[PDB]
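Okay, structure first, notes after.
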Amino acid sequence: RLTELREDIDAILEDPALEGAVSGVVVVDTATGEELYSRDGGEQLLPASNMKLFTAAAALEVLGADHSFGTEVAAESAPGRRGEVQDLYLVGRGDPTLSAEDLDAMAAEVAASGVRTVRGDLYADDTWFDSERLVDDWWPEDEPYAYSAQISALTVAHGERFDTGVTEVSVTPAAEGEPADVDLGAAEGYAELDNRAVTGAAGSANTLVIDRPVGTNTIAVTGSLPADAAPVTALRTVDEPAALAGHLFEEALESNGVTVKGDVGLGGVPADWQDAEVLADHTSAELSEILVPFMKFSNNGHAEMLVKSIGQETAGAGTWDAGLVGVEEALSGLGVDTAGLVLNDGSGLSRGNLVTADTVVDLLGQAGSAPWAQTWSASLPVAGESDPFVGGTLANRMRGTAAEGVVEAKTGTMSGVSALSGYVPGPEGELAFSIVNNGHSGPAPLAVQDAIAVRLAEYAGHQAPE
Ligand SMILES: *C(=O)[C@@H](NC(=O)Cc1cccs1)[C@@H]1N=C(C(=O)O)CCS1
Ligand SMILES: [Mg+2]
Ligand SMILES: [Mg+2]
């Protein structure tokens, strides 16, 4: 058994896919508390998205699994006669789930409260958080994609997965030689557009390219899409999430009989109206719930918003520095020795982050005993599970093995970095394990991971399906 499992893991770690790579692998039994396996457990390594474990085990400590984020609209004073108001501020406070409709339900309320004309400018206020959009060491080349969307307190979230600070761009073919049709999704009318994409012959090489050149708010498209090609869509971030939530809400009011004479812009409530009238409000779901679409798909923008949210709680400052300090200590009050830790962000996107397989495992145990241990274990990706909201980043891994429907682990992928940490619940023992790989030069060593996971699934007393 134990004397056996060792040789197995060792052999799996001898995979050529890991040459030159440093691997942090640690396995412990959450019950007995016995150390089943350990190789370089103390080595500091980049955790990539596995950093989200620390971020989630802290948000639940700081904000409570019942936490809810709210949004609001306000004017100095309510309307009356011709139901006319001056300036209006869209004020949000870190809701990571603001839907387009959520804004439309508020556009309606604004009208349902008598307003019929906004003779003033339409400002968007997101001061609950600082205006520091990206972590200092993130790379600017990664700024056009959903993974690296700017952080703001007031940002619109796309789809059922809540991809924040982004817009869905679409490219539809035409006739060979004619320009292609580009729709900018929500950022239509907001972000600029430079359509250089043509429609290529039917059966031609698709060479489409959707970009947001650094430093601008322009969605650029180049290359060509074949005439016979199927319509393409793609998430893209926008400069200043708030200004877009501002643009959409402006469109939303207009869709609810409220005319806006002034301009739409970035601004905070004057701090001159200590008792402004709150024309409408919105409350999101509880963190316990938002947890799911966070840890299953590793929402990066969610992670950072939580961090800062922790920074507003523990110290009234929507900031990373304050947020991270909160996480560090919250992980300490949770009983986690945070010595080998180095927190530079909440998502794991930063190469300034560092953990040790032991610190990860440590965190796994402690979190299992917290009064929120269930809403936490359930947020984790389940192996081999076909349904996106259950399998998450593990929906296409370990299908048909003892690990199917069993392993609850968190992933982490980055250039030269990959990780898998979680629990393997088996009648033969509750298990917590961490696998961190840094330095390999080829693709993520999934098979190596899966192999160890699936072997643990067995060690825990599971069998592969027939
Ligand atoms: C976590 O690692 C995070 N990864 C990325 O955003 C990839 C980038 C690293 C630098 C710039 S982009 C999320 N987690 C994934 C996982 O498998 O855990 C995959 C992508 S998004
Ligand atoms: Mg528009
Ligand atoms: Mg089973």
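The way I read the labels, and the way they are meant: chains A, B, ... in the order of the structure tokens, residue 1 as the first residue of every chain, and ligand 1 as the first ligand shown, with later ones counted on from there.
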Contacts to ligand 3 at 6 Å cut-off (only C-alpha atoms and all ligand atoms) as a PyMOL selection string
chain A and resi 402+406+462-463
For residue 335 of chain A, please output as a PyMOL selection string all residues within 9 Å (counting only C-alpha atoms; exclusion window: fewer than 6 positions along the same chain).
chain A and resi 362-363+366
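Backbone DSSP over segment 236-284 of chain A gives alpha helix (DSSP H) for residues 241, 242, 243, 244, 245, 246, 247, 248, 249, 250, 251, 252, 253 and 254 of chain A.
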Protein and nucleic residues near ligand 1, 8 Å, only C-alpha atoms and all ligand atoms, as a list in words:
residues 47, 48, 49, 50, 51, 138, 139, 142, 147, 148, 297, 298, 299, 300, 347, 348, 349, 350, 393, 410, 411, 412, 413, 414, 415, 418 and 419 of chain A
Just N, CA and C atoms for this one: save the residues we selected as a PDB file, in the first residue's frame.
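Now in out.pdb:
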ATOM      1  N   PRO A  47       2.737  29.347  -8.309  1.00  0.00           N
ATOM      2  CA  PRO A  47       1.520  28.542  -8.204  1.00  0.00           C
ATOM      3  C   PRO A  47       0.561  28.736  -9.370  1.00  0.00           C
ATOM      4  N   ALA A  48       0.751  29.819 -10.109  1.00  0.00           N
ATOM      5  CA  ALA A  48      -0.137  30.146 -11.213  1.00  0.00           C
ATOM      6  C   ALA A  48      -1.516  30.230 -10.573  1.00  0.00           C
ATOM      7  N   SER A  49      -2.545  29.776 -11.280  1.00  0.00           N
ATOM      8  CA  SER A  49      -3.909  29.837 -10.764  1.00  0.00           C
ATOM      9  C   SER A  49      -4.168  29.055  -9.481  1.00  0.00           C
ATOM     10  N   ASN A  50      -3.209  28.247  -9.030  1.00  0.00           N
ATOM     11  CA  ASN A  50      -3.407  27.508  -7.783  1.00  0.00           C
ATOM     12  C   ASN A  50      -3.374  28.497  -6.613  1.00  0.00           C
ATOM     13  N   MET A  51      -3.063  29.747  -6.934  1.00  0.00           N
ATOM     14  CA  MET A  51      -3.017  30.823  -5.958  1.00  0.00           C
ATOM     15  C   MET A  51      -4.450  31.134  -5.519  1.00  0.00           C
ATOM     16  N   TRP A 138       2.089  42.103 -14.211  1.00  0.00           N
ATOM     17  CA  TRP A 138       1.380  41.419 -15.292  1.00  0.00           C
ATOM     18  C   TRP A 138       1.993  41.995 -16.560  1.00  0.00           C
ATOM     19  N   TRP A 139       1.905  41.276 -17.673  1.00  0.00           N
ATOM     20  CA  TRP A 139       2.500  41.761 -18.915  1.00  0.00           C
ATOM     21  C   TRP A 139       1.471  42.494 -19.764  1.00  0.00           C
ATOM     22  N   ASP A 142      -0.574  40.656 -22.644  1.00  0.00           N
ATOM     23  CA  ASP A 142      -1.704  39.839 -22.217  1.00  0.00           C
ATOM     24  C   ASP A 142      -2.960  40.670 -21.959  1.00  0.00           C
ATOM     25  N   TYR A 147      -8.429  36.952 -19.823  1.00  0.00           N
ATOM     26  CA  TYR A 147      -7.635  36.525 -18.665  1.00  0.00           C
ATOM     27  C   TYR A 147      -7.074  37.711 -17.894  1.00  0.00           C
ATOM     28  N   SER A 148      -6.703  38.762 -18.624  1.00  0.00           N
ATOM     29  CA  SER A 148      -6.085  39.951 -18.034  1.00  0.00           C
ATOM     30  C   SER A 148      -6.898  41.251 -18.128  1.00  0.00           C
ATOM     31  N   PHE A 297     -13.836  27.768 -13.348  1.00  0.00           N
ATOM     32  CA  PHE A 297     -13.215  28.305 -14.552  1.00  0.00           C
ATOM     33  C   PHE A 297     -12.014  29.230 -14.267  1.00  0.00           C
ATOM     34  N   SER A 298     -11.654  29.365 -12.991  1.00  0.00           N
ATOM     35  CA  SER A 298     -10.547  30.225 -12.577  1.00  0.00           C
ATOM     36  C   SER A 298     -10.691  31.599 -13.184  1.00  0.00           C
ATOM     37  N   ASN A 299     -11.706  32.314 -12.721  1.00  0.00           N
ATOM     38  CA  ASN A 299     -11.947  33.654 -13.199  1.00  0.00           C
ATOM     39  C   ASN A 299     -10.860  34.515 -12.566  1.00  0.00           C
ATOM     40  N   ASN A 300     -10.001  35.101 -13.397  1.00  0.00           N
ATOM     41  CA  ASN A 300      -8.909  35.937 -12.897  1.00  0.00           C
ATOM     42  C   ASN A 300      -9.436  37.248 -12.337  1.00  0.00           C
ATOM     43  N   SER A 347      -5.305  36.208  -8.393  1.00  0.00           N
ATOM     44  CA  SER A 347      -5.580  35.266  -9.481  1.00  0.00           C
ATOM     45  C   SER A 347      -4.508  34.223  -9.717  1.00  0.00           C
ATOM     46  N   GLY A 348      -3.251  34.629  -9.577  1.00  0.00           N
ATOM     47  CA  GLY A 348      -2.137  33.725  -9.800  1.00  0.00           C
ATOM     48  C   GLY A 348      -1.410  34.103 -11.079  1.00  0.00           C
ATOM     49  N   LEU A 349      -1.933  35.121 -11.760  1.00  0.00           N
ATOM     50  CA  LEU A 349      -1.370  35.628 -13.012  1.00  0.00           C
ATOM     51  C   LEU A 349       0.047  36.183 -12.877  1.00  0.00           C
ATOM     52  N   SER A 350       0.358  36.690 -11.695  1.00  0.00           N
ATOM     53  CA  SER A 350       1.654  37.281 -11.426  1.00  0.00           C
ATOM     54  C   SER A 350       2.759  36.252 -11.209  1.00  0.00           C
ATOM     55  N   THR A 393     -12.247  23.175 -15.247  1.00  0.00           N
ATOM     56  CA  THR A 393     -10.976  22.902 -15.897  1.00  0.00           C
ATOM     57  C   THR A 393     -10.557  21.425 -15.880  1.00  0.00           C
ATOM     58  N   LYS A 410      -7.797  21.894  -7.985  1.00  0.00           N
ATOM     59  CA  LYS A 410      -7.693  23.190  -8.623  1.00  0.00           C
ATOM     60  C   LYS A 410      -6.500  23.103  -9.570  1.00  0.00           C
ATOM     61  N   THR A 411      -6.626  23.730 -10.735  1.00  0.00           N
ATOM     62  CA  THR A 411      -5.559  23.733 -11.718  1.00  0.00           C
ATOM     63  C   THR A 411      -4.821  25.056 -11.698  1.00  0.00           C
ATOM     64  N   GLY A 412      -3.792  25.133 -12.530  1.00  0.00           N
ATOM     65  CA  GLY A 412      -2.991  26.333 -12.656  1.00  0.00           C
ATOM     66  C   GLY A 412      -2.124  26.152 -13.892  1.00  0.00           C
ATOM     67  N   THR A 413      -2.299  27.030 -14.874  1.00  0.00           N
ATOM     68  CA  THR A 413      -1.516  26.945 -16.095  1.00  0.00           C
ATOM     69  C   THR A 413      -0.891  28.282 -16.427  1.00  0.00           C
ATOM     70  N   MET A 414       0.360  28.238 -16.854  1.00  0.00           N
ATOM     71  CA  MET A 414       1.090  29.435 -17.220  1.00  0.00           C
ATOM     72  C   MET A 414       2.242  28.922 -18.046  1.00  0.00           C
ATOM     73  N   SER A 415       2.883  29.810 -18.801  1.00  0.00           N
ATOM     74  CA  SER A 415       4.020  29.392 -19.609  1.00  0.00           C
ATOM     75  C   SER A 415       5.087  28.862 -18.657  1.00  0.00           C
ATOM     76  N   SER A 418       2.589  24.772 -14.196  1.00  0.00           N
ATOM     77  CA  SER A 418       1.380  23.977 -14.203  1.00  0.00           C
ATOM     78  C   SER A 418       1.206  23.401 -12.800  1.00  0.00           C
ATOM     79  N   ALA A 419      -0.047  23.263 -12.363  1.00  0.00           N
ATOM     80  CA  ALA A 419      -0.325  22.758 -11.020  1.00  0.00           C
ATOM     81  C   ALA A 419      -1.683  22.079 -10.879  1.00  0.00           C
TER      82      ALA A 419
END
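Excluding residue 46 of chain A and any residue on its chain fewer than 6 positions from it, the residues at most 7 Å away by only C-alpha atoms are residues 351, 353, 354, 355, 417 and 438 of chain A.
Taking only C-alpha atoms and all ligand atoms into account, the residues that come within 6 Å of ligand 2 are residues 186, 187, 188, 189, 190 and 248 of chain A.
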Can I get the selected residues back with N, CA and C atoms, as a PDB file, in the first residue's frame?
ATOM      1  N   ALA A 186     -21.052  44.361 -26.650  1.00  0.00           N
ATOM      2  CA  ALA A 186     -21.387  45.467 -25.750  1.00  0.00           C
ATOM      3  C   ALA A 186     -20.624  46.771 -26.008  1.00  0.00           C
ATOM      4  N   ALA A 187     -19.334  46.661 -26.309  1.00  0.00           N
ATOM      5  CA  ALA A 187     -18.496  47.831 -26.563  1.00  0.00           C
ATOM      6  C   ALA A 187     -18.824  48.543 -27.875  1.00  0.00           C
ATOM      7  N   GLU A 188     -19.999  48.258 -28.429  1.00  0.00           N
ATOM      8  CA  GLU A 188     -20.431  48.894 -29.670  1.00  0.00           C
ATOM      9  C   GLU A 188     -20.813  50.327 -29.318  1.00  0.00           C
ATOM     10  N   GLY A 189     -20.198  51.276 -30.011  1.00  0.00           N
ATOM     11  CA  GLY A 189     -20.473  52.667 -29.738  1.00  0.00           C
ATOM     12  C   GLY A 189     -19.508  53.182 -28.692  1.00  0.00           C
ATOM     13  N   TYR A 190     -18.928  52.263 -27.923  1.00  0.00           N
ATOM     14  CA  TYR A 190     -17.968  52.641 -26.892  1.00  0.00           C
ATOM     15  C   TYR A 190     -16.534  52.572 -27.418  1.00  0.00           C
ATOM     16  N   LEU A 248     -23.291  51.193 -21.487  1.00  0.00           N
ATOM     17  CA  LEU A 248     -24.409  50.271 -21.553  1.00  0.00           C
ATOM     18  C   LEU A 248     -25.631  50.769 -20.792  1.00  0.00           C
TER      19      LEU A 248
END
Name all residues at most 12 Å from segment 93-95 of chain A (count only C-alpha atoms; drop same-chain ones fewer than 4 positions away) and give them as a ChimeraX atom specification.
/A:67-73,99,102,124-130,151-157,162,164-165,241-242,281-287,290,301-313,317-319
Nearby residues (only C-alpha atoms) at most 12 Å from residue 2 of chain A, same-chain spacing under 6 positions excluded, as a PyMOL selection string:
chain A and resi 8-9+27-29+34-37+428+455-456+459-460
If you count only C-alpha atoms, which residues fall within 7 Å of segment 111-121 of chain A, apart from same-chain ones fewer than 3 positions away, as a ChimeraX atom specification?
/A:79,83-88,107-108,256-264,279
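Contact shell of residue 358 of chain A at 8 Å (only C-alpha atoms; same-chain neighbours under 6 positions omitted): residues 26, 41, 42 and 434 of chain A.
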From a backbone DSSP assignment, name each residue in segment 224-425 of chain A labelled strand (DSSP E or B), as JSON, numbers by chain.
{"A": [224, 225, 226, 232, 233, 234, 235, 236, 237, 259, 260, 264, 265, 266, 277, 278, 279, 280, 281, 282, 283, 284, 285, 286, 318, 342, 354, 355, 382, 408, 409, 410, 411, 412, 413, 414, 417, 418, 419, 420, 421, 422, 423, 424, 425]}
Convert the current residue selection to file output with C-alpha atoms, as a compact mmCIF listing (two decimals), in the first residue's frame.
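Output file out.txt follows:
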# COMPACT_ATOMS: atom_id res chain seq x y z
CA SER A 224 -9.27 37.21 -43.71
CA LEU A 225 -12.01 34.73 -42.90
CA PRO A 226 -13.17 32.33 -45.63
CA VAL A 232 -16.42 33.60 -35.17
CA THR A 233 -16.73 35.19 -31.73
CA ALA A 234 -14.12 36.05 -29.12
CA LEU A 235 -13.87 37.75 -25.75
CA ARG A 236 -11.78 40.91 -25.60
CA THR A 237 -11.15 43.32 -22.74
CA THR A 259 -33.52 60.62 -22.22
CA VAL A 260 -29.90 61.49 -21.41
CA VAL A 264 -21.41 59.56 -20.30
CA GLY A 265 -18.18 59.60 -18.28
CA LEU A 266 -15.98 58.56 -15.38
CA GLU A 277 -31.50 60.08 -3.63
CA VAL A 278 -30.96 56.40 -4.53
CA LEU A 279 -33.16 55.91 -7.61
CA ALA A 280 -32.32 52.18 -7.96
CA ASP A 281 -30.21 49.36 -6.53
CA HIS A 282 -29.06 45.84 -7.36
CA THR A 283 -27.85 43.00 -5.14
CA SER A 284 -26.01 39.99 -6.51
CA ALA A 285 -25.96 36.41 -5.23
CA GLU A 286 -23.99 35.34 -2.16
CA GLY A 318 -10.10 48.71 -2.35
CA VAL A 342 4.73 35.39 -1.34
CA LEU A 354 5.27 31.83 -4.70
CA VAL A 355 4.04 28.83 -2.68
CA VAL A 382 -14.49 17.73 -10.38
CA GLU A 408 -11.76 17.78 -6.48
CA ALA A 409 -8.69 19.73 -7.50
CA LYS A 410 -7.69 23.19 -8.62
CA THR A 411 -5.56 23.73 -11.72
CA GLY A 412 -2.99 26.33 -12.66
CA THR A 413 -1.52 26.95 -16.10
CA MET A 414 1.09 29.44 -17.22
CA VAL A 417 4.08 26.49 -14.98
CA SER A 418 1.38 23.98 -14.20
CA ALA A 419 -0.33 22.76 -11.02
CA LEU A 420 -2.97 20.43 -9.58
CA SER A 421 -3.91 20.56 -5.89
CA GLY A 422 -6.97 19.24 -4.09
CA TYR A 423 -8.73 16.37 -2.37
CA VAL A 424 -9.16 12.68 -3.18
CA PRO A 425 -12.03 11.44 -0.94
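Counting only C-alpha atoms, the residue from A:12, A:295, A:1, A:372 that sits nearest to residue 461 of chain A is A:1.
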Which one of A:143, A:432, A:54, A:105 sits closest to residue 25 of chain A if you count only C-alpha atoms?
A:432
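With only C-alpha atoms as the atoms that count, the minimum distance from residue 202 of chain A to the choices A:179, A:173, A:416, A:24 is reached by A:173.
Nearest residue to residue 381 of chain A, choosing from A:315, A:291, A:464, A:22 and counting only C-alpha atoms: A:291.
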In Å, with one decimal, what is the gap from atom CA of residue 169 of chain A to atom CA of residue 209 of chain A?
11.2 Å
In Å, how far is it from atom CA of residue 391 of chain A to atom CA of residue 356 of chain A?
25.5 Å
Just give me the gap between atom CA of residue 250 of chain A and atom CA of residue 122 of chain A in Å, one decimal is fine.
7.3 Å
